[PDB]
Amino acid sequence: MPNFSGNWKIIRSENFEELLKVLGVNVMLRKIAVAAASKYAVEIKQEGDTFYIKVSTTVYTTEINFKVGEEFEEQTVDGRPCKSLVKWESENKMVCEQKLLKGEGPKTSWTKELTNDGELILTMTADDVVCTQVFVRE
Ligand SMILES: *C/C(=C/c1ccc2cc(C#C)ccc2c1)C(=O)OC
């Protein structure tokens with residue numbers, strides 16, 4: 001029974017650098033971030049409403065655990081602790097609204113969707129800007 005469960009590898013990444021600009025990241029780091037983003041792998045274990053997600057590059061890995069509908073702490077795309085909450089939008093799309101623990105900055109959110117043709121699509125939004133990363137089953 002195919003759901004979000006599996007090992008995914010990035011095949012495209014539109015607007016990553018623009019998003020990091022909105023998050024105040026300096027040019028050079030933006031450019032390295034982009035280079036490193038072509039090696040993004042994602043591992044998802046899913047049972048019902050409940051998700052384990054590991055995202056790794058060449059040199060960094062992180063894990064989140066969440067239940068749909070339950071608040072949890074994570075990091076934004078610019079690595080600040082935030083409050084996060086995930087809701088379904090349809091059978092195989094979910095959206096996440098984030099609010100900052102401490103401090104001021106852009107409105108962030110993200111979405112994961114499992115298309116009919118077997119891709120995983122990730123959007124990440126900072127204010128006006130929308131990054132789109134497409135993944136395929138490893
Ligand atoms: C599930 C997930 C994956 C993902 C992909 C790319 C990311 C880039 C950065 C940066 C900088 C942070 C987190 C990423 C996470 C996700 O939910 O991301 C928000």
Side-chain angles (χ1 to χ4, degrees), residues 1-13 15-38 40-44 46 48-66 68-72 74 76-82 84-98 100-101 103-106 108-127 129-138:
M1 293 274 62
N3 61 24
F4 291 86
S5 266
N7 293 283
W8 300 91
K9 66 134 178 306
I10 189 158
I11 64 165
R12 180 178 68 270
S13 178
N15 281 324
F16 192 34
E17 159 170 25
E18 284 77 349
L19 176 88
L20 292 156
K21 216 201 159 158
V22 170
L23 311 170
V25 163
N26 110 287
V27 185
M28 177 206 72
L29 298 171
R30 288 195 249 121
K31 297 298 184 178
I32 306 152
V34 171
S38 81
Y40 271 143
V42 189
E43 194 207 13
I44 304 177
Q46 175 197 2
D49 243 23
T50 278
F51 287 79
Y52 165 82
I53 311 189
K54 180 164 86 170
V55 191
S56 44
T57 51
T58 297
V59 305
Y60 198 86
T61 194
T62 32
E63 288 160 301
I64 62 190
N65 299 258
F66 64 94
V68 169
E70 278 181 30
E71 189 141 342
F72 67 101
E74 67 166 348
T76 52
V77 162
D78 84 305
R80 300 163 62 182
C82 64
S84 273
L85 180 59
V86 162
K87 280 144 185 227
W88 299 103
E89 208 192 82
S90 66
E91 185 173 1
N92 297 291
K93 177 164 171 150
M94 63 187 27
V95 292
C96 187
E97 319 278 24
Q98 311 180 309
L100 288 163
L101 275 203
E104 318 280 72
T108 45
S109 75
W110 59 252
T111 75
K112 277 201 178 64
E113 154 152 47
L114 214 197
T115 76
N116 291 110
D117 49 25
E119 295 173 319
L120 162 80
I121 300 169
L122 198 154
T123 87
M124 297 166 273
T125 303
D127 278 327
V129 171
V130 182
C131 168
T132 300
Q133 297 182 323
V134 178
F135 298 76
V136 291
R137 291 208 142 96
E138 200 161 73

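When reading the values below, keep in mind they use all heavy atoms of this one structure, side chains included, and skip hydrogens, waters and symmetry mates. FYI, the numbering just counts along the sequence from 1. Order of appearance sets the numbers: ligands from 1, and atoms from 1 within every ligand.
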Under-4.0 Å heavy-atom contact with ligand 1, by part of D78 that carries it: neither
For ligand 1, the portion of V77 having any non-hydrogen atom under 4.0 Å away: both
Run the numbers for me: atoms of ligand 1, each under 4.0 Å from some heavy atom of [X], listed by number.
X    : value
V55  : 3 (C), 4 (C)
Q133 : 5 (C), 6 (C)
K112 : 1 (C), 2 (C), 3 (C), 16 (C), 17 (O)

Does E104 offer a backbone N or O that forms a donor-acceptor pair with the side chain of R80 under 3.5 Å?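 Flag set: sc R80 to bb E104 pair under 3.5 Å.
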With under 30° as parallel and over 60° as perpendicular, where do the rings of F4 and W88 fit, or are they tilted in between? tilted
Atom CH2 in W110, atom OG1 in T123: separation rounded to 0.5 Å?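 If we round to the nearest 0.5 Å, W110:CH2 and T123:OG1 are 9.5 Å apart.
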Say whether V42 and ligand 1 are in contact under the criterion: heavy-atom distance to a ligand atom below 4.0 Å. no
Between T76 and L100, what is the shortest heavy-atom contact and its length?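 Taking every non-hydrogen atom into account, CG2-CD2, 4.5 Å.
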Please report the closest heavy-atom contact between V25 and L29, naming both atoms and the distance. CG1-CB, 3.7 Å
Looking at ligand 1, does any of its N/O atoms fall within less than 3.5 Å of an N/O of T76?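 No, since none of the N or O atoms of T76 sits under 3.5 Å from an N or O of ligand 1.
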Using the salt bridge (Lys or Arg N to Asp or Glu O under 4.0 Å) rule, take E138 and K9 through it: C-alpha gap first, then chi angles, then the decisive distance, then the call. CA-CA 6 Å; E138 200 161 73; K9 66 134 178 306; over 6 Å; no
